[PDB]
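Presented below is the structure to which this report refers.
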Amino acid sequence: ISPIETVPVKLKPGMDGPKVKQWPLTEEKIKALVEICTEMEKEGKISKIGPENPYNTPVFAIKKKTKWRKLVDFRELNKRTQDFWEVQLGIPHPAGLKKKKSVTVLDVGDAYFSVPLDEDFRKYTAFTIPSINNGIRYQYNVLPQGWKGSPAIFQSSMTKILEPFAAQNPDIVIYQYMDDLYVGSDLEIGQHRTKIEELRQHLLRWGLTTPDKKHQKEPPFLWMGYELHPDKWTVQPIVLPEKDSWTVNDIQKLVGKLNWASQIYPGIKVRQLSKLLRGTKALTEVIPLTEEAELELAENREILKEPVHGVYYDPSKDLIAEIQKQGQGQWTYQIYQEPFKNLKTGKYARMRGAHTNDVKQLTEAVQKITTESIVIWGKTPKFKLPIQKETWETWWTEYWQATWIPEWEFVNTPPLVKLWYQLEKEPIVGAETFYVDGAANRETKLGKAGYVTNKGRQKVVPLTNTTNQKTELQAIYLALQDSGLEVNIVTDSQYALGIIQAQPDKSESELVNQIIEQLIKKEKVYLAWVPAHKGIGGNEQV
Amino acid sequence: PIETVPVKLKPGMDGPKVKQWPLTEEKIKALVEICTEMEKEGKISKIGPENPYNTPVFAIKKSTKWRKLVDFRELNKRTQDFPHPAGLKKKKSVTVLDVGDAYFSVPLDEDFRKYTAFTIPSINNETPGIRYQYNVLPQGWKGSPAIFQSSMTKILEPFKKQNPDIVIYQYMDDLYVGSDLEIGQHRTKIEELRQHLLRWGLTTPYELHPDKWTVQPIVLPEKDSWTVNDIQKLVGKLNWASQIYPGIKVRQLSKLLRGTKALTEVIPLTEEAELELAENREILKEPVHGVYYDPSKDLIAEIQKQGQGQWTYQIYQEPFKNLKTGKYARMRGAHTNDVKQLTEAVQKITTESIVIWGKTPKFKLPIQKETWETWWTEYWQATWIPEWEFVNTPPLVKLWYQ
Ligand SMILES: N#Cc1ccc2c(Oc3ccccc3OCCn3ccc(=O)[nH]c3=O)cccc2c1
Ligand SMILES: [Mg+2]
Ligand SMILES: [Mg+2]
């Protein structure tokens with residue numbers, strides 16, 4: 001079976017072929033391996049070879065509990081073989097598929113064995129079936145199963161094979177995934193079956209068999225963790241385990257399944273569980289479950305109680321994205337064309353820092369959605385967002401970092417994204433000026449936070465088990481606690497200055513959160529910085 | 001052209017493997033058209049699975065026609081074999097010309113061609129991408145101007161003979177032509193060079209003024225009435241500049257604030273403090289001592305957003321030593337955004353850097369990674385691409401370089 005051209009293959013430079021010996025396993029499977037190898041010899045898939053290849057790869061035979069399968073271990077050869085263009089990893093997302101009147105699934109059997117292997121490379125595929133006294137030598141003429149080059153070379157071969165058929169049939173759309181072909185068309189059912197038959201025979205001319213019966217797979221289709229119905233898609237049912245104790249492995253699989261659920265079931269929250277997964281220690285140990293994680297999990301269970309589906313994609317209809325706040329640090333989004341019919345859903349939980357605010361997270365969510373949309377639909381969607389032009393404009397104008405804000409429309413669906421507070425850009429007249437400082441002995445971890453004001457008020461609060469940074473935040477917090485609704489605060493800490501000027505409404509540290517509550521309760525707050533250890537109102541202490 | 005220049009990679013190093021970035025349907029369409037035509041013209045050829053290598057490609061508008069830009073940064077890093085005039089920056093006018101098309105006249109070393117492999121991506125992973133490699137010298141590859149160098153010398157020789165005072169420097173796909181001539185004369189000579197290039201079969205389908213380029217002097221505020229907050233800002237800024245300029249003193253200025261005063265309190269400048277401030281204004285006029293360019297070290301460009309369409313930048317090698325500083329501005333017209341201005345600024349800084357040192361700086365970009373990676377090709381008109389990374393550095397930086 002020459003007509004398929006062979007891809008040239010080389011070993012890695014400086015490397016020879018595998019000499020690894022056959023491991024007996026003198027068990028009766030020998031004869032099995034004979035029978036199979038005779039059949040494959042009849043079909044020209046393999047060949048007996050002269051006494052000097054010289055090379056070897058281990059061959060095995062088994063039946064998992066009637067048939068017998070030959071399994072060759074190509075690991076050593078695979079390490080010694082050149083890389084090939086990476087075979088398809090990413091799969092088409094169901095939400096990106098365009099609805100077709102008829103869809104057929106074609107599994108080609110013995111896919112790899114139907115494609116010839118490069119002649120000069122065949123000697124390296126040699127294997128031995130053991131004689132009882134000590135054997136018969138064989139080599140592959142086709143792409144072996146388990147070999148490094150098989151998927152990419154078969155992929156290429158299949159593409160080239162498919163070109164002439166697709167050329168004369170532009171109205172039918174063919175997806176190629178591994179061995180499978182998925183063939184859609186809008187043609188009448190009869191002539192669709194006809195076109196399928198044509199494709200089948202065309203493939204048969206290249207030595208590729210397709211399902212002979214009325215094709216083995218019927219709607220719906222279980223494919224890569226999905227259910228594909230003619231009019232809709234969804235995910236295969238997600239079963240969340242119930243345990244008293246959880247290891248880090250269990251939590252990884254849990255957040256995995258939940259992540260998988262998030263693309264369709266709206267409202268999924270993974271954050272607190274991955275917070276549990278912040279421990280990287282090798283995956284054995286029992287990880288303590290936090291109340292927040294338990295709550296999160298329970299809510300997820302309540303969401304997964306109801307059945308949910310997505311729809312398929314129409315290029316003529318607009319692409320629309322909508323975003324809602326899920327509570328602390330967490331967001332959820334829906335992508336749809338028809339208003340209540342979701343193409344898909346998702347989430348954004350990421351802080352990407354110890355502190356952030358709502359608008360920043362929203363903008364990041366928009367970014368993630370944009371990327372995903374480009375990947376799946378090859379275009380960016382329209383955004384319906386729960387934020388007002390004034391809010392966002394003020395934010396991105398006063399934001400030091402460059403940002404891209406799309407065309408969007410304000411939808412009013414509380415909670416609305418808002419600025420909980422805004423620091424003053426100018427010092428406040430009539431407001432008390434707090435000169436703050438804090439310090440800690442790095443050895444003893446003991447510290448203090450204090451202020452002196454222009455009204456003549458001075459205070460010092462003692463602190464235990466703390467650092468200079470935390471004390472410098474502590475001082476600011478202290479000045480917030482003891483002042484009126486309007487306050488001027490002066491600090492020598494670049495750290496604290498950086499944290500507050502960023503205007504976070506949420507944080508990992510409870511100290512910063514307290515500071516945020518204070519800032520919200522305030523009306524006017526101005527933060528100013530001065531260089532430390534120069535003549536200044538606030539002075540210094542130890 | 002039949003004789004190919006053999007090209008090698010630095011010992012113990014393989015070809016580039018780099019992820020192709022997802023693209024919109026439009027850009028993919030454009031790339032498919034372009035690559036179809038290029039394949040018909042023999043410039044590129046389809047390749048099989050036996051080629052592991054990949055290089056990113058993008059579609060940019062540079063006219064209405066789509067252009068294909070290949071990002072060769074990795075291949076450029078991994079492949080080197082083999083001058084910059086110092087007078088180019090002194091010239092009154094410098095014009096840039098795209099000579100890249102010429103590279104398509106020269107075939108590429110066969111054994112090396114596989115390292116030029118690139119992929120036109122598919123939407124939603126419907127198909128594996130369309131894979132090509134280059135049969136000729138690709139634009140953006142640093143081997144191209146090196147191999148074409150003798151031809152370029154041959155073509156330019158008569159012109160240089162005719163115009164001895166005109167400077168011509170080549171970087172990548174670009175010719176930089178400086179002159180001290182009057183603008184009209186300059187553009188006339190430029191056009192002469194253009195037609196000279198065209199009639200010899202070199203296709204050339206942006207003028208600077210490096211004479212005006214300078215390192216920004218630090219500017220101190222001028223006020224009729226000074227508050228405590230103002231003098232605090234002043235002292236902080238002068239303290240920052242004190243590292244760079246040794247003579248600066250804050251004592252008399254800080255004396256006015258000496259303790260426990262309200263921020264909004266108006267503080268008059270005493271003649272001593274005003275003396276100190278004036279002296280500091282005077283020392284800020286002179287350039288910094290001991291700042292020299294090192295060709296063996298990476299150039300580094302930091303940018304910060306000043307708002308209202310203003311952006312400031314610094315080019316340095318080692319911290320606090322500034323080879324150049326500048327400020328870029330754009331008239332908004334309500335069309336503009338942050339990404340556009342940042343991209344433009346990056347291109348301008350890179351051009352300035354090429355003109356002055358003959359190399360591109362490593363950029364520290366005040367933007368989110370994914371946002372830049374998404375939108376940067378929209379406004380990018382340049383044939384080359386700089387290295388870049390992404391940082392914030394807000395806290396004291398905006399106010400000081402403002
Ligand atoms: N197993 C399996 C399997 C089956 C079909 C796939 C596929 O099916 C398609 C193949 C070609 C063209 C359109 C396709 O689907 C569009 C959406 N759709 C999907 C399923 C259905 O019944 N009807 C329908 O209109 C597209 C992509 C992957 C597929 C995997
Ligand atoms: Mg299959
Ligand atoms: Mg301090």
Side-chain angles (χ1 to χ4, degrees), chain A residues 7-9 82-88 90-93 96 149 152-153 155-156 159 175-176 364 367-368 370-371 374-380 396-398 400-405 427-429 433 435 452-454 456 488 490 494 497-498 501-502 526 528-531 534-537 539, chain B residues 17 22-26 28 47-54 117 119 123-128 131 227-229 232-233 235-236 239-240 250-251 254-255 257-265 304-305 307 337-339 341-342 365-368 370-375 392 394-398:
Chain A
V7 176
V9 178
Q82 65 156 102
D83 300 338
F84 300 87
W85 172 241
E86 301 211 16
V87 206
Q88 73 235 128
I91 64 183
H93 195 281
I153 295 178
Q155 156 66 225
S156 180
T159 299
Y175 285 73
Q176 171 189 172
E364 291 162 358
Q367 171 60 43
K368 174 179 185 172
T370 300
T371 292
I374 294 180
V375 169
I376 299 178
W377 301 281
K379 54 175 299 180
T380 74
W396 76 56
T397 293
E398 295 175 349
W400 58 89
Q401 180 158 117
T403 183
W404 200 88
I405 51 270
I428 312 157
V429 183
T433 300
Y435 291 84
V452 176
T453 77
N454 70 306
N488 294 312
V490 182
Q494 298 190 225
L497 172 69
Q501 263 178 331
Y526 180 68
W529 178 91
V530 294
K534 289 179 163 49
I536 294 171
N539 318 124
Chain B
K17 308 175 177 181
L23 299 175
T24 55
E25 184 177 3
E26 193 178 15
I28 292 180
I47 58 174
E50 73 275 18
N51 187 319
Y53 311 110
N54 189 69
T119 309
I123 306 171
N124 202 23
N125 294 93
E126 292 163 7
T127 76
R131 278 180 63 76
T227 66
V228 175
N229 187 241
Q232 284 181 347
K233 258 63 171 176
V235 166
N239 176 49
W240 166 74
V250 293
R251 174 175 177 176
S254 47
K255 189 168 185 173
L257 304 185
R258 260 174 180 176
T260 52
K261 295 194 179 186
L263 273 191
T264 50
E265 176 180 344
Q304 51 281 144
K305 174 186 173 186
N337 63 86
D338 284 7
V339 177
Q341 298 171 3
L342 183 52
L365 296 178
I367 195 174
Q368 179 179 341
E370 293 73 21
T371 309
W372 177 261
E373 293 173 332
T374 299
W375 298 107
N392 314 85
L396 284 174
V397 181
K398 185 176 183 175

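Order of the sequence lines sets the chain letters (A, B, ...), proteins ahead of strands, with each chain counted from 1. Side chains included, hydrogens not; waters and symmetry mates left out as well; all remaining heavy atoms used.
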Taking all heavy atoms of [X] and all of [Y], pick out the closest pair and write down the distance.
X	Y	answer
B:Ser254	A:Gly535	CB-O, 3.6 Å
B:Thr24	A:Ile374	N-CG2, 4.0 Å
B:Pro395	A:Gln501	O-OE1, 3.5 Å
B:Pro49	A:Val7	CG-CG2, 3.8 Å
A:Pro531	B:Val235	CG-CG1, 4.2 Å

Distance in Å, [X] [atom1] paired with [Y] [atom2], rounded so as to fall on 0.5 Å steps:
X	Y	atom1	atom2	answer
B:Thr374	A:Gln367	OG1	CD	4.0 Å
A:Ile536	B:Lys261	CD1	NZ	14.0 Å
B:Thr371	A:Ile405	OG1	CD1	10.5 Å

Between B:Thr119 and A:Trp85, does a side chain to side chain contact (heavy atoms under 4.5 Å, CB included) hold up when you go through it step by step?
CA-CA 10 Å; B:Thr119 309; A:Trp85 172 241; 3.7 Å; yes
Relative to chain B, which of [options] shows the most heavy atom pairs under 4.5 Å?
options	answer
A:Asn488, A:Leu497, A:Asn454, A:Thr397	A:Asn454
A:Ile91, A:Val9, A:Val452	A:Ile91
A:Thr159, A:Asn539, A:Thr380, A:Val490	A:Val490
A:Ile153, A:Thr370, A:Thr403	A:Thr403

Should A:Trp400 and B:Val397 be marked as a side chain to side chain contact (heavy atoms under 4.5 Å, CB included) after you check the CA-CA gap, both sets of side-chain angles, and the distance that decides it?
CA-CA 10 Å; A:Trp400 58 89; B:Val397 181; over 6 Å; no
Go through the atoms of [X] and report whether side chain, backbone, both or neither lie under 4.5 Å from a heavy atom of chain B.
X	result
A:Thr453	backbone
A:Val530	side chain
A:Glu86	neither
A:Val87	neither

Could you tell me whether A:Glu398 atom CD has more than 12 heavy atoms of other residues or ligands within 6.0 Å of it?
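Yes - once you tally the heavy atoms of other residues, nucleotides and ligands closer than 6.0 Å, there are more than 12.
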How about CD on B:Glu370, more than 12 heavy atoms from neighbouring residues, nucleotides or ligands closer than 6.0 Å, or not?
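Result for CD/B:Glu370: enclosed.
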Side chain, backbone, both or neither: which part of [X] has a non-hydrogen atom closer than 4.5 Å to chain A?
X	answer
B:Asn229	side chain
B:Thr127	neither
B:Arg131	side chain

Options [options], ranked by heavy-atom pairs under 4.5 Å with chain A, top entry:
options	result
B:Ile28, B:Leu342, B:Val339	B:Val339
B:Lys255, B:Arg258, B:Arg251, B:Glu373	B:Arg258
B:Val228, B:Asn51, B:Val250	B:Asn51

Decide yes or no on side chain to side chain contact (heavy atoms under 4.5 Å, CB included) for A:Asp83 and B:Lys17, but give the supporting numbers first.
CA-CA 11 Å; A:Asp83 300 338; B:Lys17 308 175 177 181; 2.7 Å; yes
Please answer whether the main-chain N or O of [Y] pairs with a side-chain N or O of [X] as donor and acceptor at a distance below 3.5 Å.
X	Y	answer
A:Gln494	B:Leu396	no
A:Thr433	B:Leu263	yes
B:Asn124	A:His93	yes

Considering the options A:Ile376, A:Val375, A:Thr371, which one meets the side-chain contact (heavy atoms from CB on, under 4.5 Å) requirement together with B:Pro22?
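When side-chain contact (heavy atoms from CB on, under 4.5 Å) is applied between B:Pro22 and each of A:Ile376, A:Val375, A:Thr371, only A:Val375 qualifies.
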Checking B:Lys233 now: which residues fulfil salt bridge (charged side-chain N to carboxylate O under 4.0 Å, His left out) with it, not counting sequence neighbours?
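With sequence neighbours excluded, B:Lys233 shows a salt bridge (charged side-chain N to carboxylate O under 4.0 Å, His left out) to no residue whatsoever.
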Under a 4.5 Å cut-off applied to non-hydrogen side-chain atoms, are B:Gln368 and A:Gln401 in contact?
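A side-chain contact under 4.5 Å exists here.
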Name all residues meeting the ring pair (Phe, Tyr, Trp, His ring centres under 6.0 Å) criterion together with B:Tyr53; count only those two or more places apart in sequence or in a different chain, and write none if there are none.
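Checked B:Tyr53 against ring pair (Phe, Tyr, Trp, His ring centres under 6.0 Å); matches are B:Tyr115.
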